[PDB]
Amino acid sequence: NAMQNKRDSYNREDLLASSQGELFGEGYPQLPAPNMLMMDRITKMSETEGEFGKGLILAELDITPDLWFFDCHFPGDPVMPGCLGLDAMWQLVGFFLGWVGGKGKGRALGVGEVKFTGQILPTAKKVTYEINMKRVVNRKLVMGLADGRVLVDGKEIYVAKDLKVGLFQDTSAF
């Protein structure tokens, strides 16, 4: 039952293994599988770095023209849905909760304030995510709180304050 695969970076196959419940062991939170997975790699996981000294996650998504959301959102006007970049941030906070040893199913609990000041077009190369954990609670529930930002080819475009994700052993009555 000892946790496996704890390290400071993860590739796409690792992310898929998370989505299948295999990366860290059994019973850890899962990333989504395609087509809800919104990252290709996690380039940095740290428990003590970041703006608050309580956790830093750096991750990125390669932008290629086959990605399903461009054609439907919107026809003749392709743009990555902001909600999916927001979800990538929730996904990363949940991933951190499992990475530090938390067990259970992840559920996003909300966010304090989100501002979108730009967009992701099919012509972009890379979307990067930066998650600055504020703190993780284990008192009663298991919950992570963070601020996050999303950049497209180096330009900040989304900023989210107080991303909140919880881990739940039983979601039947959630």
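Heads up: residue numbers just count along the shown sequence, starting at 1.
The PDB entry records a higher mean C-alpha B factor for 17-25 than for its counterpart among 147-155 and 17-25. As recorded in the PDB entry, 137-145 is the stretch of 61-69 and 137-145 with the greater mean C-alpha temperature factor.
Among the modelled residues of the chain, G85 sits in the lowest third by CA temperature factor in this PDB entry. Remark: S46 belongs to the middle third of its chain, ranked by C-alpha B-factor as recorded. When the modelled residues of the chain are ordered by C-alpha B-factor, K105 sits in the highest third. The deposited CA B-factor of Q119 belongs to the middle third of values across its chain.
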